[PDB]
Amino acid sequence: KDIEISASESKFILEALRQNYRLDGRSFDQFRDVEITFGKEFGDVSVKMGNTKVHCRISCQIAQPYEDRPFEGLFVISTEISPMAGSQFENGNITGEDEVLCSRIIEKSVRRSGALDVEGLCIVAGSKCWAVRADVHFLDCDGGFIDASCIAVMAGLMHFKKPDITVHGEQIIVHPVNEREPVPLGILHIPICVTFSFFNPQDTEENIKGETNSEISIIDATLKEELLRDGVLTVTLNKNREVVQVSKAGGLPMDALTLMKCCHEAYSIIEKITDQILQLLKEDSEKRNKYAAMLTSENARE
Amino acid sequence: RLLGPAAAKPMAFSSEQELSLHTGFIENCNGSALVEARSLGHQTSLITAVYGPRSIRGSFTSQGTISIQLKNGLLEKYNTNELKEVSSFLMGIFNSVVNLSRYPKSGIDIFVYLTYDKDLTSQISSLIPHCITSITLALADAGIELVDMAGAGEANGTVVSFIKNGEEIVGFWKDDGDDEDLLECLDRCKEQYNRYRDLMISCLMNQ
Amino acid sequence: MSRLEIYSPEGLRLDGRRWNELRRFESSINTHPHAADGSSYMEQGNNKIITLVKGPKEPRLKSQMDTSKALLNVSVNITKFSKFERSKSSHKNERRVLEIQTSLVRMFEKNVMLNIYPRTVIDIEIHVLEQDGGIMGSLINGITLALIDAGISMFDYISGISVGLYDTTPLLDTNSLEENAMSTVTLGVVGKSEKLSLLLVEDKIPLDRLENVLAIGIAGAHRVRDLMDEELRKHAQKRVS
Amino acid sequence: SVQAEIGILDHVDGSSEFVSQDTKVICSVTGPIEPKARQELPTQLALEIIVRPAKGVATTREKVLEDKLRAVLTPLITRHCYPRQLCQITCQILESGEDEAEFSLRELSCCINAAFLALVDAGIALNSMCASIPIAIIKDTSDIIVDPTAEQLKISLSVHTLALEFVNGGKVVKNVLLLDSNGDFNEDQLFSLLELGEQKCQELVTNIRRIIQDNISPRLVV
Amino acid sequence: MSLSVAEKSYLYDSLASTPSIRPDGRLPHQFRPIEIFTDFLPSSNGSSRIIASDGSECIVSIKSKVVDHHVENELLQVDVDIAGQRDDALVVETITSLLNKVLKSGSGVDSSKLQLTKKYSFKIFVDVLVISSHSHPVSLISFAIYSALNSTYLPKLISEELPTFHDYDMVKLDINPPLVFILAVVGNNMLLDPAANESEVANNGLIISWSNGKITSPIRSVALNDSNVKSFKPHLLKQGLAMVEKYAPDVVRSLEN
Amino acid sequence: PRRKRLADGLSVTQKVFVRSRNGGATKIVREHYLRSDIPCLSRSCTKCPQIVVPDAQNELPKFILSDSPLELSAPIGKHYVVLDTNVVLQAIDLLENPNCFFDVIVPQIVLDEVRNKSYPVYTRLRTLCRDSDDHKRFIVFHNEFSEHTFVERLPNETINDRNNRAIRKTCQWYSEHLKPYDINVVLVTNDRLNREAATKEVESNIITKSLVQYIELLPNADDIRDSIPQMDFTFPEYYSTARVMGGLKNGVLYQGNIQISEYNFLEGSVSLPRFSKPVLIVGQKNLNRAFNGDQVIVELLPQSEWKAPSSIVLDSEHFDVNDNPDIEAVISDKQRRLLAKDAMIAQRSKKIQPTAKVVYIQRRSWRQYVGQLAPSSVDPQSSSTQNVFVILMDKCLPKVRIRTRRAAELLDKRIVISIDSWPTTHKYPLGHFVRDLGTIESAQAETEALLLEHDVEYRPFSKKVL
RNA sequence: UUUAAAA
Ligand SMILES: [Zn+2]
């Protein structure tokens with residue numbers, strides 16, 4: 001019920017890394033090329049980076065705010081992995097360590113870090129608010145699960161549009177989608193996740209009390225590179241030079257200088273992935289609004 | 001399981017003890033029963049089913065293992081914490097009546113469904129003597145061995161279960177009530193135990 | 001409380017400490033010689049954590065058993081009375097708790113010599129009686145001192161320290177009031193080194209400030225190691241003599 | 001006109017993607033593989049059918065969706081030639097193409113077609129072929145129309161999801177696999193749509209055969 | 001516990017004889033030494049930690065909340081959590097339902113001792129945490145909540161408007177906390193406070209509740225083991241029941257000290 | 001309580017106090033650290049510079065108080081000034097006077113109460129400490145953290161009496177600490193019972209002079225005595241639905257739309273058909289939580305309460321500036337001289353038209369208003385939930401209280417809010433953020449804010465127009 | 001609750 005790795009295959013990939021070689025042909029700091037496929041309705045985003053394929057679905061509904069924060073909206077997210085991405089995922093295991101760590105990283109990146117404008121999702125204080133839900137569907141697993149899922153959710157929230165609501169004192173009328181054009185969600189910053197996989201050609205003893213750092217770090221590992229991984233690190237940055245969130249627990253205990261180096265290497269990656277999502281969203285908007293140049297109302301004078 | 005929308009609220013509105021005894025009428029389990037009691041402004045209607053004995057795979061116990069479970073029916077839904085409390089008291093009684101040494105490496109599962117508990121004016125004290133008389137009829141219908149019939153009675157919260165024509169007590173339960181009411185509460189249930197004891201035999205011998 | 005000064009121009013925080021000062025550290029070893037083989041009552045500030053280590057022993061079922069190493073289980077239970085307002089939720093099966101439980105297992109399964117104890121399981125039971133900011137770091141120091149009491153072979157100490165960044169001023173050992181007003185970073189330093197077995201950042205931090213926060217973080221973690229080490233010296237010397 | 005692609009996933013034995021109107025369903029088939037204890041069958045092949053909605057978790061709405069899809073694929077697979085084996089068939093609905101709360105016929109029709117396609121790419125023994133179409137009647141004209149759009153369902157009186165079984169070059173109909181209907185209809189309209197549904201599924205398998213040939217043939221001796 | 005049938009017959013024959021020889025040699029009216037710690041949780045009003053001789057340790061915390069007693073039925077809710085056992089376990093909900101009856105607001109403890117205004121009153125939250133256990137802990141938790149309630153301090157009332165409380169002064173919780181005892185019958189002898197090995201080979205068990213110098217309502221007769229379950233003569237029911245009436249004042253004199 | 005010792009002079013104690021809020025009681029326990037490295041911040045001091053510890057930026061604390069303070073007549077002479085909570089809130093403008101105070105010592109227990117009662121007054125007080133130079137010197141001695149001045153609470157002692165004892169102990173320590181340098185400590189407090197309690201403490205005699213007494217002891221007393229301030233709420237509930245029906249039936253009540261004056265947000269003029277002139281509604285209680293444009297039910301006032309059209313300019317921005325948004329059931333001197341100046345005009349005016357009061361709201365004119373955050377209520381370095389003020393663009397409207405954690409980010413941003421409620425206990429209406437329009441004085445952000453305030457539809461045309 | 005004209 002688990003992936004069997006032969007001793008010959010395990011030895012080959014490790015020695016290939018000691019010679020600056022990866023089976024897929026990338027570099028030690030080369031992120032996989034990302035592709036965004038927008039669906040029909042708003043909030044339907046399909047992300048394809050490498051052989052890893054993920055699909056996100058954004059929805060929302062009226063719900064009660066928290067008693068401790070009545071001026072903010074809710075953000076729900078659940079990433080249940082089906083046997084579609086691989087027969088090693090037992091269906092119905094929502095408490096899996098991968099599913100748990102994935103949701104908590106994206107939840108910190110979007111909700112806690114202030115990516116989604118929760119204060120703008122408040123309709124009436126302490127009674128009515130928006131509860132935006134992010135359903136992530138893992139289609140084909142080949143490493144970089146939380147890297148692609150974070151790209152899918154961020155591309156989905158920026159592509160989704162919530163229904164329009166007019167407040168008449170205490171009443172709330174949800175305008176049909178055909179009545180009024182839906183309003184897009186407010187996004188403050190764009191958190192992008194970059195994971196790092198670590199290997200040691202030595203052993204655990206030569207790593208605890210060893211000054212010579214012989215660790216090998218690769219950016220965005222594949223499934224075979226992930227199964228042979230020793231230590232794991234996940235950082236999240238934005239184009240504003242801000243560290244959104246960092247999660248490193250277990251594996252090879254690394255030093256502070258290398259972790260700071262991982263962030264500076266990841267910033268050049270998130271900076272390019274950010275401008276791609278901004279460009280691919282611009283191209284998808286012109287696809288739906290072809291004659292948008294004639295329908296402009298606010299026009300300059302002379 | 002639908003449960004409907006969470007925005008909906010439930011409705012808010014501002015001497016002689018008749019008895020009915022039955023058994024069988026169930027094909028899933030081996031033995032079942034149905035007791036009904038209507039007296040004063042309170043009615044009781046619960047169904048008991050005994051799914052056993054079932055051989056346990058990989059077990060090596062010297063005697064059987066009884067599993068009693070009370071499940072909320074459709075009216076007067078009690079709290080789940082008190083349902084298992086009475087079940088643990090029911091297991092403490094039937095572990096001395098059912099011949100455990102006869103069924104090694106096997107367990108017996110009991111299912112009592114308090115379907116219709118109604119009051120017309122602790123409320124669970126009045127229902128305990130009716131649950132004991134329903135399991136004994138169901139355990140005997142399943143061909144399981146029991147050392148003498150087991151019954152109980154109520155005497156203002158105090159519930160005492162006797163055996164061997166009331167000579168020896170098998171269980172004791174008391175909630176609310178008063179103080180120093182012991183010998184009178186015992187005799188009020190001792191004569192009530194015999195009222196339920198011979199009535200179970202009269203229903204179990206008919207055809 | 002109310003609207004307090006987090007870091008005044010006089011360098012004093014809301015509780016009186018300064019930027020590089022720690023809360024009082026009073027650890028206790030072998031507090032449950034009748035409930036577990038390892039015991040540690042961690043009292044870091046207002047925090048009061050009970051950590052038990054039951055093992056290494058045979059697993060209750062032969063289903064899950066690694067014939068080449070040991071199984072490390074961590075059970076973090078946040079009591080309802082951990083804070084002032086009694087918790088109404090369940091806390092036990094919370095998704096935030098499962099992340100902490102897993103992050104602790106990965107952190108120590110690489111530091112604990114599970115190979116020395118094959119075909120065995122090590123159960124770690126944690127009960128938080130009271131919390132007040134920096135609860136993750138205090139969970140770290142409790143497990144370290146509890147395994148040592150159980151006689152489990154480890155490579156080095158694992159220290160838990162919490163650091164906050166208020167504008168342009170790092171703050172060591174953040175309490176609850178400080179975590180609700182700035183970003184928080186919990187570190188997991190190994191011994192007197194700079195090797196990090198844990199690095200949790202849960203709030204936005206500028207990249208130009210994170211390196212200095214990490215340096216001041218690992219520096220305070222070494223100070224946490226000595227306080228635990230000096231506790232074991234005093235406990236071992238009074239036990240032998 | 002519907003779109004379909006075969007072999008899109010790299011970590012399953014067979015994958016498929018069925019697109020009709022606005023409904024899109026991706027299926028994944030993996031087998032024969034080692035089953036679990038409660039799943040293994042002594043004589044024939046075991047099936048693990050799992051369908052998932054586009055939004056939210058898998059509620060009881062999709063549970064009846066699994067049980068109906070299970071009854072379509074069970075007689076279609078030669079189960080007896082894979083004793084003590086398992087086959088995972090996961091259907092992921094990307095876009096619903098209708099109203100999830102009020103309807104659930106277009107998703108069942110696409111999950112049946114997507115599952116059959118993924119069963120062909122995985123190389124599982126199939127006794128025949130399959131084709132499923134949604135059918136509803138507008139309350140205005142009261143006539144039978146196939147694959148009704150999302151706006152045509154809200155005005156419909158009764159909905160239908162007919163699944164057939166074709167043999168001999170996709171011509172002879174061996175047996176009617178599934179015909180699930182809900183609404184208001186009589187016996188006169190039942191055969192009025194059953195005869196019309198048999199000729200709309202006949203051109204579907206004829207279109208399916210053309211699709212599953214443009215992709216399998218290049219991978220073989222070519 | 002888990003023992004061998006060879007030594008089970010030895011302890012059964014030694015506890016059912018007329019001398020009634022106990023394993024550790026203690027008399028049927030004696031107890032084991034108990035350590036109790038109180039007042040160590042500043043975030044809570046009351047607190048207590050109890051440690052038994054066999055290793056059973058239990059911690060109890062007490063919180064308070066102002067609630068309208070005209071809409072709040074029970075003012076004393078007990079939340080029991082046993083380590084290693086599920087919250088929905090059968091052995092956890094039984095004690096949870098049993099302790100809610102020995103400390104019921106109005107029956108076991110009178111609500112007049114925790115009322116404030118004619119509208120509002122204090123609600124007592126009793127959180128129980130069992131770190132370790134080797135026998136039935138319903139008698140150990142009663143000893144823990146007893147010392148916790150008698151060492152509890154609640155804020156003082158200042159006086160229809162919302163009640164206000166003082167900043168510094170806090171009143172003591174003057175409440176008589178009921179006490180729970182466990183009795184095991186071995187053939188024809190009564191044993192007050194059994195052990196892990198005594199309760200394993202016993203015939204039946206008794207649970208008696210003591211409040212205000214008298215045996216109060218919530219009492220049980222649950223079996224202590226599923227192996228040797230025997231029916232008892234009614235003369236044994238009143239023997240052990242009246243036996244606690246003689247030595248329970250000696251318990252309170254040593255516990256309320 | 002108890003007290004534990006730590007390293008290098010540190011000591012930790014426990015601070016417990018019950019918090020009453022909304023009828024609930026929550027026992028709050030906190031850690032309190034008592035240290036012995038807190039300096040007097042006096043240039044004359046030669047003992048404290050030896051125990052100072054630099055900050056996080058490794059900066060030694062600078063000593064501010066002048067080595068040659070203001071020398072008065074005997075037996076005061078060269079002295080320092082210690083203030084109280086009441087003295088700061090009362091004469092905050094007098095503190096900022098360049099020819100008045102020079103060397104001032106603000107203890108911690110005073111700064112905590114001033115900030116808890118008026119954050120903008122706390123801001124200008126902290127500003128004096130930061131802007132300390134050659135003509136003005138303000139420090140903050142953290143008396144509650146020093147091991148030499150922290151005073152333990154006594155049984156059944158008033159909370160105000162314990163803090164008063166902390167201020168006395170602070171002046172005792174400062175007097176003893178400065179004896180080698182021959183500098184006295186003057187405690188400026190208007191609390192008469194506080195000064196009488198100090199003269200009984202012969203253990204360490206101090207100087208206790210009130211505000212009017214300290215001013216008279218200065219050389220330029222005649223130039224500042226005229227500038228000293230004088231030494232020292234719930235809205236009426238709306239009528240029931242049955243009474244407003246009977247009032248409008250029998251001619252007791254009237255209905256109309258409020259039109260707030262163009263240059264005063266506290267003077268409403270409801271037009272009624274039974275009067276030749278619009279009925280005035282002057283005052284906070286008479287308007288009764290109503291907004292400009294609502295259909296309200298007014299009740300006439302007796303002729304003894306009739307007023308003239310006010311001739312003063314008042315907007316929500318220049319009124320009650322020393323208030324907190326969360327004020328519910330501190331007086332500025334500038335508002336005293338202005339509110340007492342307009343009362344003299346209505347007394348001699350002959351344009352006295354009938355006045356009324358609002359007793360019921362029938363239709364609300366609430367919507368999405370555009371404005372900006374008031375900086376005086378914003379903590380520009382706290383990412384926590386803080387109640388802030390919103391200055392709406394329509395000067396005929398009041399200030400709105402909103403809760404937000406992006407207050408530092410939303411500063412200098414022209415945002416949009418919507419009012420939720422305004423109960424009788426709250427002084428200001430409750431709103432919440434909904435939309436950010438951009439930076440202030442930005443052409444893109446101002447023109448967009450301009451159209452929203454006039455319901456101008458600037459969104460593109462519909463696709464059905466094609 | 002700013003007249004008229006072209007915007
Ligand atoms: Zn000094």
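Residues numbered from 1 in each chain as written, not as in the entry; some residues may be left out. Chains lettered and ligands numbered in written order. Part of a larger assembly, values for the part shown. Heavy atoms only, no water. Residues with missing side-chain atoms left out of burial classes, pairs and counts.

Draft legend 1. Layout of the overall build of chain E. Counting its secondary structure elements, chain E contains 4 helices and 12 strands. By the compact-globule yardstick of 18 Å for 257 residues, chain E fits well, its C-alpha radius of gyration being 20 Å. Its C-alpha atoms put chain E at 70 × 35 × 35 Å along the principal axes. (Helix = DSSP H or I, 4+ residues; strand = E, 2+ residues; numbered from the N terminus. Rg over C-alpha atoms; globule rule 2.2 N^0.38 Å.)

Draft legend 2. Broad picture of the domain arrangement of chain F. According to the domain assignment, chain F consists of domain 1 (1-231), domain 2 (232-366) and domain 3 (367-441). Each of domain 1 of chain F and domain 3 of chain F has a C-alpha centre, and the two are 34 Å apart. (Domains from an automatic or database assignment.)

Draft legend 3. Structural view of the interface of chain B and chain E. Contact with chain B, which involves 28 residues of that partner, is made by 31 residues of chain E. Between chain B and chain E, roughly 2,500 Å² of surface is buried when both sides are summed, and carbon and sulfur atoms account for 50% of that area. When the buried area of chain B at its contact with chain E is split by residue, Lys84(B), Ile169(B) and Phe172(B) rank highest and sum to 21% of it. Here chain B and chain E share 8 salt bridges between them. With a closest N to O distance of 4.0 Å, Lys104(E) and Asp176(B) form a salt bridge. In this structure, the connection of chain B to chain E is made through 17 residue pairs in polar contact. Elements with a contribution of two residues or more to the side of chain B that touches chain E: α1 (80-94) and β8 (168-174) of chain B. Counting residues per element, the side of chain B that touches chain E draws most heavily on α1(B), at 8 residues. Split by residue class, the side of chain B that touches chain E holds 9 nonpolar, 9 polar and 10 charged. With 2 bridges connecting them, β8(B) and strand β12 (residues 219-220) of chain E associate as antiparallel partners. (Contact = heavy atoms within 4.5 Å. Buried area = accessible area lost by both parts, 1.4 Å probe. Salt bridge = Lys/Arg side-chain N within 4 Å of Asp/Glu carboxyl O. Polar contact = N/O pair within 3.5 Å; in protein donor to acceptor, adjacent residues only side chain to side chain. Nonpolar A, V, L, I, M, F, W, Y, C, P; charged D, E, K, R; others polar. Pairing = 2+ DSSP bridges.)

Draft legend 4. The sheet that holds strand β16 (residues 400-404) of chain F, seen in detail. Residues and elements named next belong to chain F. The strand order around the closed barrel built from 5 strands is β14-β15-β16-β18-β17, with neighbouring strands paired in mixed fashion. Strand-to-strand twist of the sheet, defined as the mean angle between neighbouring strand axes without regard to direction, takes the value 50°. With 5 bridges connecting them, strand β14 (residues 368-373) and strand β17 (residues 413-421) associate as antiparallel partners. Among the inter-strand pairings, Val370 is bridged to a residue of β17, identified as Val416. Contacts from helix α13 (residues 443-452) reach β14, β17 and β18 (430-439), with the element oriented near 140° to β18. (Axes fitted to C-alpha atoms, helices over the stretch in contact; angles between N-to-C directions.)

Draft legend 5. Inspection of the arrangement of the chains at higher detail. With 8 pairs of chains in contact overall, the contact-richest pair is chains A and C. No part of chain A reaches chain B; the closest C-alpha pair between them is 10 Å apart. No part of chain A reaches chain E; the closest C-alpha pair between them is 17 Å apart.

Draft legend 6. Fine view of the coordination of the zinc ion. Residues and elements named next belong to chain F. Protein-derived coordination of the zinc ion comes from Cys40 (SG), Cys45 (SG), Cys48 (SG) and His177 (NE2), at a distance range of 2.0 to 2.3 Å. Its 4 donor atoms give the zinc ion angles of 81 to 146° at the centre, a pattern that matches the irregular case. Positions of the donor residues of the zinc ion along the chain correspond to the pattern C-x4-C-x2-C-x128-H. A residue pair is termed long-range when its members are at least 10 positions apart, and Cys48 in the loop between β3 (24-34) and β4 (79-82) and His177 in helix α5 (residues 159-177) qualify at 129 residues. According to the relative accessible area criterion, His177 is buried, its value standing at 12%. (Donors = N, O, S within 2.8 Å, 3.2 Å for Na, K, Ca; no water. Tetrahedral: all angles 85-135°; square planar, octahedral: opposite > 155°, others 65-115°. Buried < 20%, exposed > 50% of the residue type's maximum accessible area, 1.4 Å probe, protein only.)

Draft legend 7. The arrangement of the pairing of strand β3 (residues 48-57) of chain C in detail. All names here are of chain C. In terms of residue burial, β3 counts as a mostly covered element, since 7 of its 10 residues are buried. Here strand β2 (residues 38-44) pairs with β3 via 5 bridges, running antiparallel. Along β3, the bridge assignment pairs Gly38 with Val53. Linking two consecutive strands that pair antiparallel, namely β2 and β3, is a turn of 3 residues; a positive phi of about 70° is found at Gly45 within it. As paired elements, β3 and strand β5 (residues 120-130) share 8 bridges and run antiparallel to each other. The residue bridging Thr51 from the neighbouring strand is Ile126, located in β5.

Draft legend 8. Local environment of the packing of α1(B) against helix α2 (residues 128-141) of chain B. Residues and elements named next belong to chain B. Orientation of α1 relative to α2, taken along the N-to-C sense of each, is 50°, at an axis distance of 11 Å. Of the possible angle classes, the one that applies to α1 and α2 is oblique. For the pair α1 and α2, the sense of crossing is right-handed. Residues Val86, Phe89, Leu90, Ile93 and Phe94 of α1 lie in contact with α2, whose contacting residues are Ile128, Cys131, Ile132, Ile135 and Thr136. For the contact of α1 with α2, the class distribution of residues is 9 nonpolar, 1 polar and no charged. (Parallel < 35°, antiparallel > 145°, perpendicular 65-115°, else oblique. Left-handed = near helix turned anticlockwise from the far one by under 90°.)

Draft legend 9. Seen up close, the interface of chain A and chain C. With 40 residues of chain A at the contact, the number on the chain C side is 30 residues. Note on chain A versus chain C: buried area summed over both sides is about 3,500 Å², and carbon and sulfur give 56% of it. Considering only the side of chain A, the residues that lose the most area to chain C are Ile208(A), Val243(A) and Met260(A), jointly responsible for 16% of the buried surface there. Connecting chain A to chain C are 10 salt bridges. In this structure, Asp203(C) and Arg112(A) form a salt bridge, with 3.2 Å as the shortest nitrogen-oxygen distance.

Draft legend 10. Structural view of the environment of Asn30(C). Residue and element names in this part refer to chain C. For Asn30, the position within the fold is in the loop between β1 (25-29) and β2. Linking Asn30 and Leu52, residues 22 residues apart in sequence, is a C-alpha distance of 9.4 Å. Setting aside residues no more than four positions away along its own chain, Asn30 makes contact with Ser39, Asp149, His235 and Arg239.

Draft legend 11. Structural detail: empty space enclosed by the protein. Volume-wise, the largest cavity comes out at about 260 Å³. Around the largest cavity, the lining comprises 20 residues; the ones closest to its centre are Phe265(F), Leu266(F), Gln284(F), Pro398(F) and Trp422(F). Residues that form the lining of the largest cavity fall into these classes: 13 nonpolar, 3 polar and 4 charged. Shared between two domains, the lining of the largest cavity holds at least three residues of each, these being domain 2 (232-366) and domain 3 (367-441) of chain F. Empty space within the second largest cavity amounts to approximately 80 Å³. Taken together, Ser78(A), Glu80(A), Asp135(A), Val136(A), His137(A), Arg52(D), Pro53(D), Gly56(D), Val57(D) and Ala58(D) form the lining of the second largest cavity. A total of 3 residues in the lining of the second largest cavity trace back to one element, the largest contributor, which is strand β7 (residues 128-140) of chain A. Taken together, the residues of the lining of the second largest cavity break down into 4 nonpolar, 3 polar and 3 charged. (1 Å grid on protein atoms, 1.4 Å probe; cavity = no way out; pocket = protein on both sides within 12 Å on 5 of 7 lines; lining within 4 Å. Points joined across faces, edges and corners; volume = space filled by probe spheres on them.)

Draft legend 12. Representation of the side chain of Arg52(D) within the structure. Inspection of the secondary structure puts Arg52(D) in strand β4 (residues 45-52). Each residue touching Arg52(D), except ones within four places of it in the same chain, is listed here: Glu80(A), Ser82(A), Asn91(A), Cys91(D), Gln92(D) and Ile93(D).

Draft legend 13. Examining unusual backbone geometry more closely. A cis geometry characterises the amide bond from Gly52(B) onward to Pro53(B), with omega recorded as 0°. Cis peptide bonds are those with omega within 30 degrees of zero, and the linkage from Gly31(D) to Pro32(D) qualifies with 0°. Position of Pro32(D) relative to the elements: it lies in strand β3 (residues 23-33). If you check the backbone angles, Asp167(C) has positive phi at about 60° while not being a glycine. Note that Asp167(C) resides in the loop between β6 (158-166) and β7 (169-172). Its relative accessible area of 53% is what places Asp167(C) among the exposed residues.

Draft legend 14. A nonpolar patch on the surface, seen in detail. A contiguous nonpolar surface patch, about 210 Å² in accessible area, is contributed by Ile3(A), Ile5(A) and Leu227(A). Assignment of secondary structure puts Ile3(A) in the segment before α1 (7-18). (Patch = residues over 30% accessible without salt bridge, like charges linked within 9 Å, V, L, I, M, F, W, Y side chains within 5 Å. Areas by Shrake-Rupley, 256 points an atom, 1.4 Å probe, with all protein chains shown as cover.)

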